[PDB]
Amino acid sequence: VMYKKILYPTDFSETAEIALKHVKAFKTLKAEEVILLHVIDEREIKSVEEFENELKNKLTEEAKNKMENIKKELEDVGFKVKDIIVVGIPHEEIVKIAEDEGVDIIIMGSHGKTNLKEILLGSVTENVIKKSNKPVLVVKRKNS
């Protein structure tokens, strides 16, 4: 085991920002890489086709400024960063991209933009742990 390549999927939520702290903690003196991923949920997005395309382009643009600030923070600590924005089902794309990129670990929050108090584990994290064969570091949301 060596944690050379990390997958860090973010939905720009407060809990995902806690998980960024842990991505930064994995830095050593060796060379390391972060796959920085945001998924635009296609289910939410749902001529007709023309309208869909234009809408998908708008969500993308609106996620680029957030991704650039994170990419710069991570580059400043010494990582190489591959940033990806993709339209699709979030838990499926995280699992697919962790396998395609050959990562050593996925570091993610326990909760995300919904963060309902009664829910004790978000559905993207629960599906990624159950469906991926990669190690998953689950960083918990703030206390109360």
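One rule holds for the numbers: they count along the sequence shown, beginning at 1.
>> Checking chain continuity here. Are there deposited residues lacking coordinates between residue 46 and residue 47, and if so is it 1 to 3, 4 to 9, or 10 or more (or none)?
In response: The entry has 10 or more unmodelled residues between residue 46 and residue 47.
>> Averaging CA B factors per stretch from the PDB record, which one is higher: 30 to 38 or 53 to 61?
In response: Stretch with the greater average CA B-factor: 53 to 61.
> Looking at the entry, does 106 to 114 or 75 to 83 show the higher mean C-alpha B-factor?
Replying inline: The stretch with the larger average C-alpha B-factor is 75 to 83.
> What third of its chain's C-alpha B-factors does residue 4 belong to: lowest, middle or highest?
Replying inline: Within its chain, residue 4 is a highest-third residue by C-alpha B-factor, going by the deposited values.
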